[PDB]
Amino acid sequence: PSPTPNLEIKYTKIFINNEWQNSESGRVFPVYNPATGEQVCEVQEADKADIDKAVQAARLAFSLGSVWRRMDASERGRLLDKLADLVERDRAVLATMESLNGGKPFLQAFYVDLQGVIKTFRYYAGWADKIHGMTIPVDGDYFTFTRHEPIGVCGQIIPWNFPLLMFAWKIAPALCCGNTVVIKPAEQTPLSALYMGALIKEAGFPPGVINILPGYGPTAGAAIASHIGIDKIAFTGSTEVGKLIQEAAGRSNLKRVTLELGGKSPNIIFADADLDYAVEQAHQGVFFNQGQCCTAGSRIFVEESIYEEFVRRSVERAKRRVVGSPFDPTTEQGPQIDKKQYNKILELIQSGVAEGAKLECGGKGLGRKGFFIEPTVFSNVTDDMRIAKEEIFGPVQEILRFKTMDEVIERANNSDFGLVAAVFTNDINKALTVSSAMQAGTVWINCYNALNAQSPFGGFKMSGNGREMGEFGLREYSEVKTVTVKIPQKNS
């Protein structure tokens, strides 16, 4: 596959009730190509007034007796499958847009992100008519059952590091369960979300079931978080804003909250691991998607006896990693998303030099247009360094050494985060002891970043709450109702 030549950005308006609208204020905001710094287009800027219009449309679409509420659950599923068909048809267009707008190498957006999007919609297409309540053998002369209903209007806020994939992760389970949605893409990367609005219309979703509101965080995002007519919010982003979201839910209407936030995830390499394999997994585990990934394995603990060789191989690999234009097929790493993130990464790199970590390679920006940074490897990292504690979200690998299993379990768990973890060993007892002891929502054994539509994902500790993907991803998008019926005489 090749990037779509001369990609037209057709959809730049607010999507409400299946109609393209200007912002109430008339304001628009610029969207950039992070690889060149040039403006790609302008987009209508949603603010609190547009959120209120979107919530009203989503609320009306959810009303008892509406098309969306009366629809067979199996037909909700068919609509998700139709949406997957349209994404597959437009796969190269959407991957080009993800590359252009988000800086991802086009072939990675096509084979990773877009494959994840399609598989997510197809997976949840299958769940819609398989969401079951229960019947319960309660005490007394009663018939008791549960109804698993949609919650209602779900507000969703997503970040710039996986714009389209996070859009799909959020709307697929919500729609699977029968909710309606007001979703706010990141101001950096609204474009593929807006294109999805055109596919949502083309697939035949009833108006108001999905409303897409491009805009800034403190305006549009905060309006969603505090809205008294939104029943549930899902947020993926920084831990700092996660706190604000949960606080705003409590101050407003006690909407249900799920969060996916930062990580500083440990990747533990025992001396019996295959080094060809573990070095490459650990390299991808921290450098994938320009380092802009919540799952980044940013604390690699390596057993002492293989530490020097592991560092040696990792440095050779980082020095070889190809940075360049996202449309070039040889590019492995594109730019960071913007100047703020670029500056944040360099400041943390500078703190690592100042705190005495060993800079093995990289450590500087490239002098090109856009926001490109050399693949950077630190060794001799220790637990109290800022780079060992703070999420970098950049192409910065950190390698630590350990001696014993009990020691590395303690150090791996000594974090306020707990998103993912990994252990590489062939010893069954160590693998299961370490994976059971990790305080993390996903633990990989002999792999890294193995995510699948079928398996739930989410944080321990301050990395978030709730799970996404899998069956358990549905639980955050339903409200349980118990119905208890007096009967004349109960028999088993």
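In this text, residue numbers run from 1 along the sequence as written. So that the term is clear: the rigid core is the largest set of C-alpha atoms that superpose within 1.5 Å between two forms.
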task = Find the stretch among 411-419 and 348-356 with the larger RMS C-alpha deviation in 6 other deposited structures of this protein, all structures being superposed on the shown form by the rigid core.
result = 411-419
Higher-deviation stretch (C-alpha RMS, rigid core fit) in 6 other deposited structures of this protein, choosing from 482-490 and 4-12 = 482-490
message = Please determine whether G37 lacks coordinates in at least a third of the other PDB entries of this protein that model its flanking residues.
response = no
query = Out of the other entries of this protein with residues modelled on both sides, is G464 skipped in at least a third?
reply = yes
ask   = For the C-alpha atoms alone, is the average B factor greater in 354-362 or in 282-290, going by the entry?
value = 354-362
query = Do the C-alpha atoms of 271-279 or of 224-232 have the higher average B factor in the entry?
reply = 271-279
Criterion, highest CA B-factor; candidates, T258, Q156, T382, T144 = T382
note = Based on the PDB entry, the highest CA temperature factor among the options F121, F301, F371, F106 is that of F371
ask   = Looking at the C-alpha B-factor of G458, is it in the lowest, middle or highest third of its chain?
value = middle
request  = Would you please rank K481 by its C-alpha temperature factor against the other modelled residues of its chain and give the third it falls in: lowest, middle or highest?
outcome  = lowest
query = Taking the entry's C-alpha B-factors for this chain, is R411 in the lowest, middle or highest third?
reply = middle
message = Quick check on the deposited entry: does the C-alpha B-factor of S305 sit in the lowest, middle or highest third of its chain?
response = highest
key: Cα B factor band for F393 (lowest, middle or highest third within the chain)   = middle
